[PDB]
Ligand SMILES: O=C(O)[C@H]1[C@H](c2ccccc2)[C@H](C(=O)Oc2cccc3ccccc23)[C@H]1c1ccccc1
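So this first bit is one chain, no partners, the form solved without this ligand, shown in structure tokens.
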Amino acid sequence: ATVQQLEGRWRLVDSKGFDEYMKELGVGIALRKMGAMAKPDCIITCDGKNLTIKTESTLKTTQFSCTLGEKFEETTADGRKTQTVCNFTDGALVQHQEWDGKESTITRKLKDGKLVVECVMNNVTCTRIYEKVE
């Protein structure tokens, strides 16, 4: 219902589809193996319309900040530089990425006290579930 409801440190507890989604992105084997193996934490913080999402692991550490509704240049973990925009719509944070004629979307929602992250590119989907670290 509100973006602030997504705030906190979250730890990955389940993943489905992520290897296939990275293959759709064209990520090479070194990076795909590290994504299959890392169990990162996701730390979400917000202040009004400003949002930061940090991903932390020994295998993988990255962060971006944005303002809801404002396009910005995002450097992704696999090294794309995308034009991204985040919006909070219908109780989910929606992150839309565009680069080189391609698009992908990541949604983040709270369900049963867990953070549910879904990604899609060209109908190839991933679903990752995180629980709060507290």
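Numbers for residues come from their place in the sequence shown, where the first is 1.
There is another form of the same protein, the form solved in complex with this ligand; it is not shown, and what comes next is about it.
Trainee: Should this chain be marked open or blocked when this ligand, placed as in the entry with it bound by superposing the nearby C-alphas, has its atoms checked against backbone and C-beta atoms at 2.4 Å, with 3 or more hits meaning blocked?
Mentor: Blocked: when this ligand is placed as it sits in the entry with it bound, 3 or more of its atoms come within 2.4 Å of backbone or C-beta atoms.
Trainee: Any of the heavy atoms of residue 62 lying within 4.5 Å of this ligand in the entry with it bound?
Mentor: It does: once this ligand is placed as it appears in the entry with it bound, residue 62 has a heavy atom within 4.5 Å of it.
Trainee: Answer yes if any heavy atom of residue 84 is within 4.5 Å of a heavy atom of this ligand in the entry with it bound; otherwise answer no.
Mentor: Residue 84 lies outside the contact set for this ligand.
Trainee: Classify residue 70 as contacting or not contacting this ligand in the entry with it bound by the rule of any non-hydrogen atom within 4.5 angstroms, answering yes or no.
Mentor: No, residue 70 stays farther than 4.5 Å from this ligand in the entry with it bound.
Trainee: Residue 57 versus this ligand, in the entry with it bound: is there a non-hydrogen atom within 4.5 Å?
Mentor: Contact check for residue 57: yes, within 4.5 Å of this ligand in the entry with it bound.
Trainee: Quick one: of 92, 46, 66, 77, which gets a non-hydrogen atom within 4.5 angstroms of this ligand in the entry with it bound?
Mentor: Looking at 92, 46, 66, 77 one by one, just 77 meets the 4.5 Å heavy-atom criterion.
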